[PDB]
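Before any questions on binding or motion, here is one chain by itself as structure tokens, the form deposited in one PDB entry.
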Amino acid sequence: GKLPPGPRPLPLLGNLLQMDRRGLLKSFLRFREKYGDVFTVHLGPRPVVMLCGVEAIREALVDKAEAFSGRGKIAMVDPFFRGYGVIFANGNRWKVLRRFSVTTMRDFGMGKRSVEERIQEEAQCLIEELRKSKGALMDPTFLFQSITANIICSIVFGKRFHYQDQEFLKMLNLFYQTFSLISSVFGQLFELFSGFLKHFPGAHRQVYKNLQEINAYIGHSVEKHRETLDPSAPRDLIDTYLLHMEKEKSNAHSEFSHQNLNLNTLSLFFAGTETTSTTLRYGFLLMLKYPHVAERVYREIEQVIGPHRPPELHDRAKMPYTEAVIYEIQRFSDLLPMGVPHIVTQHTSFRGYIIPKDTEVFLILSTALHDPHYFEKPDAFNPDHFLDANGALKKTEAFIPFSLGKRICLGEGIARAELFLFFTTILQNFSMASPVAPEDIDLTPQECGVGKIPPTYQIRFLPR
């Protein structure tokens, strides 16, 4: 009849005074102790429903996809995206952009590389770069971003950028800084009080700026493509979209607009780069802390692939330990602890509550990934979380780091291919070292908000 229960709010402040200063997720986890898996928190001016645990999350997104499939705003980036592009769209725009993006992130031109071949080539460029690093220390972020960006770059722009390209790296810096700022304490506070805080200086302005700087490139690239576009031979995702645009041009309301083109593209890049990159960063920090796991992966690589032949997607089936380690990396690293906000699209009953149209809903994917019934000792990194007693791969319906239902990560397929190929191709050719002994490696995230972001760290890649 009413909203889910939760702490009693104040006017203006919502439940500010009941929050935990360590952040939104920690706040919410404390509410769950008291209220259970379904509860309401007033984030500044508004109510927001939190759903926790895999059962409630799956009930909402899968059993009730007709109601829970809308997209809410992320206050730090809404003034940039404004409902354009597939991540932040709703209604028919979302339908159109989703169908477009899924198709063009899957099917490429006449005789163009598969996703797998694109990742395999990128991985060879990476291991050549690592060989040329001569075991030097580095923070591998730029490379992890490079390789993931370059996959999307091959689909969207028909090209890759060289790791030495300073303009490429500049754009990668902006993706890195932006995700951090968004995930910062200010960005979490901004989610509560954007109506107030937006009038002052702050990191919201820096994020807007960063995003515009990236978007400027995309605009320009769109202009260049429009200038050389061959309708008989589209080169890439941009041409394909330009084609649709030309086809629907007599419709003033076509969703194939220039703003959707720029911001959809930016969306794909942001989500395509920074997610997988961050996962690899955590992944290798975890390998430094648990060298026995990496040695064990290497054994499996040796025994299944050998030292020479490039890993291929077919290899997954035979490498349960390695797939387990990647599952566990993704589980532990908990990229988007609160997922991406949704919003009910119609009045919905949910577990005897009534959640009205337009209410924001956070699916707290972190609660599924740390569910102690599915994962013994969920706070620890342990690949056996994903193996049975025989050492066979043990998948579980709790593993929902890409979410579920209509808005499920559209890049799931690509990200899993990337994680598998990049991870195994690196481990096949290199072992890792660093100046920090494993016992001293601190896994505490540098930021934990919309994104969980690992600390910076130095690493060496030692040729085998």
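The term rigid core refers to the maximal set of C-alpha atoms that superpose within 1.5 Å between the two forms. Numbers follow the displayed sequence, beginning with 1.
The same protein also has a form deposited in another entry, omitted here; what follows describes it.
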| property | result |
| --- | --- |
| Displaced position between the shown form and the other one, chosen from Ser154, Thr322, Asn260, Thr278 (C-alpha, 2 Å or more, rigid core) | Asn260 |
| Flag for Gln177, CA shift 2 Å or larger between the shown form and the other one after aligning core | yes |
| Core-aligned CA displacement of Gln188 at least 2 Å between the shown form and the other one | yes |
| Displaced residue check between the shown form and the other one: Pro341, CA, 2 Å or over, core reference | no |
